[PDB]
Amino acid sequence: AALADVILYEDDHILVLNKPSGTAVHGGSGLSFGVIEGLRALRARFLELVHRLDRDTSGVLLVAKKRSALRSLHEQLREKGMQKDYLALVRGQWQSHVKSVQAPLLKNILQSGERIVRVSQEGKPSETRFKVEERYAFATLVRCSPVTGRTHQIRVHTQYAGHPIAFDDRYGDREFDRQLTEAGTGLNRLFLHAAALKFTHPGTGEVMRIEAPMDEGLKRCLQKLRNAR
């Protein structure tokens, strides 16, 4: 209920999914599959992920169905001619003057294929923009716009700022997650959601904006905290 809602947009050029939290976008290092292999298994044709969301993130996921479309979309990403807005629920009260984090990032890949990313002044130049959406008693909903698209960039930028994401197992704060559980939110996954993607359609050249609803769990969490105080 409903499988049809996974599909946000499709034509001959692109396919745009509302990726569920918990589902990997492709297979891991060993015996595993994700969204992209699942989709190829329904078809010889061209299909390629334009970008990635991590396993626990949900929301807007763009897949190219033509080489010309990947060509165009790669180039938009490179030239920062995409806007991806995410919503994150973060610890404490995000400060209004903190409009960006510019902390450079290093990644290592672990024996499992999983990634751990860290701020290092010797890492890859990275930038996220932030805009407070809603404030709760001990948390904030922030719109997080990665300019660069590094691995776990938002998760590490928010942590680095002093405001890690709710239920982030790698970079989060278990006491913040405890507090969310006692407030009765029911939250049971990383609160990070790719809410909107803006880009140019590679076939018609029109500017498009595609938005993903948050799942019921996220929504109930937020409802619980709005009316909590």
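Start at 1 with the first residue shown and count on from there.
- According to the record, the deposited sequence contains 1 to 3 residues between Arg43 and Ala44 that were left without coordinates.
- Two stretches are in play, 62-70 and 182-190, and the higher mean C-alpha B-factor belongs to 182-190.
- The deposited model assigns a higher average Cα B-factor to 72-80 than to the other stretch when 72-80 and 152-160 are compared.
- Residue-level inspection of the entry shows that, of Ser112, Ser145, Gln102, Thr140, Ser112 has the top Cα B-factor.
- Per the deposited record, the Cα B-factor of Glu127 falls in the lowest third when ranked against the other modelled residues of its chain.
- For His26, the recorded CA temperature factor ranks within the lowest third of the chain's modelled residues.
- Looking at the C-alpha B-factors along this chain, the one for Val98 belongs to the lowest third.
- In the deposited entry, the Cα temperature factor of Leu106 sits in the top third of values across the chain's modelled residues.
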